[PDB]
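One chain is shown next in structure tokens, namely the form deposited in one PDB entry.
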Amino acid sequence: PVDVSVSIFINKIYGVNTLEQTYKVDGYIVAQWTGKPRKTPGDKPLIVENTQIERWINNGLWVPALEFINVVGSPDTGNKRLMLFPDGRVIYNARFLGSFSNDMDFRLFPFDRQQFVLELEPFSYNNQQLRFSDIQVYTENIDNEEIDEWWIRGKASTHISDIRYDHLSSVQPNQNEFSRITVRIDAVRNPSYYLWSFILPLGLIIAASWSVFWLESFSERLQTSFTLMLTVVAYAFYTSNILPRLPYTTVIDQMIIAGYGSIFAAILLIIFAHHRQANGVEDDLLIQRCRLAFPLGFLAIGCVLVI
């Protein structure tokens, strides 16, 4: 078994696609192992770059193909190189840009907390012919400032496990364990834009919709309620334009339905408070004491729905 020593430099993480559950990672990858000694020009290490490699693999050089398990498609490999030392140690340094995929959960959308996973594994050699020895992850480049959409919380967490594939039991018994290296990078979303432009004006609209029970007549209450319902529909549209598509509801999509519920409960209370008549002429004030309590009632419903 050859002991391969990986090191992954993560330059940047971006492009989080919420519907495909993918995200783009750009960085380097440096594998290193020890083979047979060789004679190079002089004593200095020989460096082979890009297209030169395929001239060395045809001459019998052993270079494994380390694939990313959770990549989507194929990484756009830029430069790559092989450094060979007279001692017999080879270093394969390549540069990748990949559209990786994970199982993400956006169910608390502006106050999100995701983790980004990179999985790596030999494509053909099991852990009796190629095993990983360690892994270092360097994420110095990725910053924590207000400008970035994701705050990276702490260093990466690496892991070296042994996956088992039962489907190779028919063609290769007793040797089907593959050595896999995992990398997890935690991240928290930047909730500033979604707190100032989506939560606060929706709160103001819901809080100002309650002040239609101060109007005196009944037709004014109804016409004002219909104007407010058109306002809430236009606001649901404005949030539906500048937002990421999802197959499940976010926090803001609970708040929009809370706005619809407040508007419809106001319309129901208006019709009920008008409709308390003996034959059609008797006015009413009793249920219209809900100018200070039905706000507190639906605010209690919302604060319970938070908890």
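Between two forms, the rigid core is the largest collection of C-alphas that superpose within 1.5 Å. A residue's number is simply how far along the shown sequence it sits, counting from 1.
The form deposited in another entry exists for this protein as well; it is not shown, and the discussion that follows is about that form.
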Exercise. Relative to the superposed rigid core, does the CA atom of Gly261 travel 2 Å or more between the shown form and the other one?
Worked result: no
Problem set entry | Is_shifted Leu200 between the shown form and the other one (CA, 2 Å cut-off, rigid core) | no
For this session: Answer yes if the Cα of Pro173 shifts by 2 angstroms or more between the shown form and the other one on a rigid-core superposition, and no otherwise.
Result: yes
For this session: Could you tell me whether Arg245 and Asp26 have their C-alpha atoms closer or farther apart in the other form than in the shown form, knowing the shift is 3 angstroms or more?
Result: farther
Problem set entry | Distance trend in the other form - C-alpha atoms of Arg245 and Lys12, change of 3 Å or more | farther
